[PDB]
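Read the single chain below, which is given as structure tokens and is the form deposited in one PDB entry.
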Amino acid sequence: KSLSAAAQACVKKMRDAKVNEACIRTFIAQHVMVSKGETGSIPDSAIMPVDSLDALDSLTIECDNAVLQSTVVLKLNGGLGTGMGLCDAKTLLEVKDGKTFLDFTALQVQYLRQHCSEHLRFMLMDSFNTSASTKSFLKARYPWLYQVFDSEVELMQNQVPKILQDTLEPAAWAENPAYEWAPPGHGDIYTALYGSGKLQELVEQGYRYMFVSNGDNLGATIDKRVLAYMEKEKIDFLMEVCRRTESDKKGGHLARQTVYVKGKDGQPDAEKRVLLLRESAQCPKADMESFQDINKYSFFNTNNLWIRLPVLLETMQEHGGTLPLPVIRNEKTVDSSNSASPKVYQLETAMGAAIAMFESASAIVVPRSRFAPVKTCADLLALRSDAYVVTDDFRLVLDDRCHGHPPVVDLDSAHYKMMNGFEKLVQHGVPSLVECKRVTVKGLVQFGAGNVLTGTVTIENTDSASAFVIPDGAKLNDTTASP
């Protein structure tokens, strides 16, 4: 085999568990990379700034409906709402008027199928954690999607073995064998699409474009101009990027680099520029100052991706049925809450890293409205308020009175990092935030019905530990509210 004993044990374990071969193939290639001693470092000297890109705001031409007839909308749906105190699927959290993330996506897909392209496809990448809840949700609200859920809609995310840090064997945890497996990140989309045969099914059915995005990003909506841009400029992989702010300096950034490819078979050697991403775990320690210079590297990946499916098929077929992405070596314990459990590596890939694998690749600067994830209960509060309205095509946008700027919400760790605390805060009503520039809430607070906030409002409770309610109908303007 030339595989090490550790790699063979991984193969044996995944074989025994009926893991599909395209996943084993890809994972073993990553295992070899790790076992070779791959650092995965990306210094500033191997990379260069992007400098200039096109802008969605500057585009005007829309594609005709025939392109949408050959387009697949795929939403990443494997993540839980753990970061907000939610042990179930993130996309099933209510956002507006009883509608979840999944509602708006399905209603947007429904609007397009009714008014533009009946053959537009909708897919969901689920994990074992989110599958049953999603299927049950669609069965009640969108039967047409439920009828074809198993056959057409759902894409299952793989699970790969966690491996020990010292010997790289498949880790063992008798207390909970499920903790031996872990998802390989959203870069697994390419492996799942190929290995499940769905990528080949989509291409042979005539589908040409796939728009991938995070399920919990309410701004990632179909924009016909992006499809026209790719048809005109002959793009196989387009990444939507936004400009990095000071709060984004810890996140990844787009970059350029130049590669010399030794010619395989009889064809000549090739030199070319490619796009790529660099996150902090890849950046050398000494280059971290440059990593955070938002004026040098000014763009970050939104995970809004547009891919040519026939080109992706050819590329993965050229690499033995895989897509070789840079591996992230996540160091945890096999039970991350048990500090004495065996230390392990969790091998992961990012789906935005595939931009370096396509010859006709490009990035486009989009407004930050297209990158609007709900990562805090503060974000959720603004969205549920009247500061946001629903369009006739089921998009969520600001009301005009906000004049393009959303109300800032800062909420206290105490009480509100989790949904359980936030749910009592809006027990009898959600306050109007359409006119509020900024609301900070310190300590425990509850809202009454019909409340309105305007200007910059602060509400502090100095460790009272008692109730601290706010009456029904009150309106706070440019003030601070204390007991």
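Numbering starts at 1 and follows the sequence shown. In this text, rigid core is short for the largest set of C-alphas that superpose within 1.5 Å between two forms.
Beyond what is shown, the protein has a form deposited in another entry; the following relates to that form.
Participant: Rigid core aligned, does the Cα position of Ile28 differ by 2 Å or more between this form and the one not shown?
Facilitator: The answer is no; the displacement is under 2 Å.
Participant: After superposing the rigid core, is the C-alpha displacement of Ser45 2 Å or more between this form and the one not shown?
Facilitator: Yes: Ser45 shifts by at least 2 Å between this form and the one not shown.
Participant: Once you overlay the rigid core, does the Cα of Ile459 travel 2 Å or further between this form and the one not shown?
Facilitator: Moves: yes, 2 Å or greater.
Participant: So the Cα-Cα distance between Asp188 and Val261 shifts by 3 Å or more in the other entry; is it shorter or longer than what we see here?
Facilitator: Farther apart, which means the C-alphas of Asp188 and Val261 are at least 3 Å more distant in the other entry.
Participant: Closer or farther: the C-alpha atoms of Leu398 and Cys242 in the other entry, versus the form shown, with a change of 3 angstroms or more?
Facilitator: Relative to the shown form, the pair is closer.
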